[PDB]
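> Read left to right, the sequence shown gives residues 150 to 304, 319 to 408 (the authors' numbering). Ideal Cβ placement from N, Cα and C applies to all residues, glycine included.
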Amino acid sequence: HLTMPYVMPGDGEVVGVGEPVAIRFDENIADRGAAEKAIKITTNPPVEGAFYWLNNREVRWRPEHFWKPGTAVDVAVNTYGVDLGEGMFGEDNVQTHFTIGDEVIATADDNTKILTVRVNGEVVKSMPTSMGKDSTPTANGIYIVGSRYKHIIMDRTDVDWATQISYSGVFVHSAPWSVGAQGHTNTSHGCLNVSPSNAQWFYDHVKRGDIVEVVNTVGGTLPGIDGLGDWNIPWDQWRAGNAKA
Ligand SMILES: [Ca+2]
C-alpha cells in the first residue's frame, strides 16, 4: 500500500533544452490530481509548465517551448504520506535540482538525408544518414536524446556509439554496413544510420535532453507518449493534461 517516487533527471545533471521533468512511481497512481498537487517545480528564470501522464506510473512536466539555456530547475516531490488513491500512500519525498545546458538541435531531413547539428543556432556538424526503409520508415517529429551506449546488442546486432532517441528503439548509431547508402538511400528498420566516425562524434557531443528532429520522411509522426516523444503533443493538449483521464 506504499508507492515510491523516482525523479529524472538526476540531481546536479546538466541536460538539453528538450529534457522533461519525469516523476515515475513504482505503482499505478489512481489519483493523478493528488500526485500532481504534491509535486512543486520551481524554475529560474520562471517559465510556465504543465503535467502530462505517459502511462499509469509516470508523469512529465515541461514548458510550452524548449527550455532556455542556463535555466535552473528545482523539483520537490512532496509525496510522503499523501493519499494517491485506492488506498496507496506516498512512501517518501524526493528532490532534484538540475540545469539546462546549450541548445543542441539536430535535424534529419529525408529530402537531403543529412543530419545537421546546430548548437545555439550554429551549424557545427553535418552527417550523411540512412533512415528507415519505406516499409519501416523513421517517424517524423521531435525526439529527445535519452541514454547512450558505447556498444549495445540491439534486439541480434552488435552496434557501436548508440544514442537512444525513442523508447520505440530509434537510435543514432554507427552503421558500417550502410556507409555507401548514407546520404542517398534509406535502408534501416527506423534507426538513423551514420558512419562510425559520425556516430562517435554524435555520442561525444550530445547530452540527455538534446533534440533530434526528423522531417520529410514517408513515416507518420512519433507518438507523444513514446517516452522520448513529449514535444509531439501540442501544447494545448499537454497543458489540459490527463489527470482525470
Ligand atoms: Ca485511497
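Taking the straight line between their C-alpha atoms, what separation do you get for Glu-162 and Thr-248?
The straight-line gap from Cα to Cα measures roughly 7 Å.
> Excluding the 5 residues preceding and the 5 following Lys-274 in the sequence, name in chain order all residues of the same chain whose CB lies nearer than 6 Å to its CB.
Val-266
> What are the boundary residues of the beta strand (DSSP E) that includes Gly-198?
It spans 198-202 - the beta strand (DSSP E) in which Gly-198 sits, taken as one unbroken run.
> Less than 8 Å between C-beta atoms, sequence neighbours within five positions excluded: which residues of the same chain meet that for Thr-220?
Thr-192, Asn-193, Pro-194, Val-196, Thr-248, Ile-249
> Which class does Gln-244 belong to by DSSP, given the choice of helix, strand or coil?
strand
> Taking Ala-403 as the reference, which of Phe-200, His-150, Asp-160, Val-156 has the closest Cα?
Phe-200
> How do the segment 230-237 and the segment 174-192 stand: do at least 3 beta-carbon pairs fall below 8 Å, yes or no?
yes
> The alpha helix (DSSP H) that contains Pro-359, what's its start and end?
359-368
> Consult DSSP for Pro-339 and reduce its assignment to one of helix, strand or coil.
helix
> Taking just the CA atoms, how far does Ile-291 sit from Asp-389?
11 Å
> For ligand 1, any of its heavy atoms closer than 7 Å to the Cβ of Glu-235?
At least one heavy atom of ligand 1 is nearer than 7 Å to the Cβ of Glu-235, so yes.
> Given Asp-323, which residues of its chain have a CB within under 8 Å of its CB, disregarding the five upstream and five downstream residues?
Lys-299, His-300, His-336, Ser-337, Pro-359, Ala-362, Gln-363
> Would you mind sorting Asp-259 into buried or exposed? The rule is 16 or more other CB atoms within 10 Å of its CB.
buried
> Go ahead and pull the three-state DSSP assignment for residue 314.
In the model as presented, the chain runs from 304 straight to 319, which leaves residue 314 without coordinates.
> Rounded to a whole number of angstroms, what is the C-alpha to C-alpha distance between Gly-230 and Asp-393?
29 Å
> Among the residues of its own chain, which have a CB less than 6 Å from the CB of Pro-386, if the five just before and after it don't count?
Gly-392
> Using the Cα positions of residue 123 and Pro-169, report the straight-line distance between them to the nearest angstrom.
As displayed, the chain neither begins before 150 nor continues past 408, which places residue 123 out of reach and without an answer.
> Who does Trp-210 pair with in a DSSP beta bridge?
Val-170, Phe-200
> Which residues in the same chain as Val-268 place their Cβ atom closer than 6 Å to its Cβ, once the five residues preceding and following it in sequence are excluded?
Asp-251, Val-253
> Any heavy atom of ligand 2 inside 7 Å of the beta-carbon of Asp-232?
In the structure on display, ligand 2 does not appear, and the ligands it does have are ligand 1.
> Around the C-beta of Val-224, are 16 or more other C-beta atoms found within 10 angstroms, so that it is buried, or is it exposed?
buried
> What residues match up with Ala-183 in a beta bridge as DSSP calls it?
Note: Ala-183 sits in no beta bridge, so no partner.
> How far does the beta strand (DSSP E) with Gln-327 in it extend, from its first residue to its last?
320-327 is the span of the beta strand (DSSP E), which, as asked, contains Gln-327.
> Using only CA atoms, which one of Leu-264, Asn-205, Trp-216, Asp-399 lies nearest to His-347?
Comparing Cα-Cα distances from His-347 to each of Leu-264, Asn-205, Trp-216, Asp-399, the minimum goes to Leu-264.
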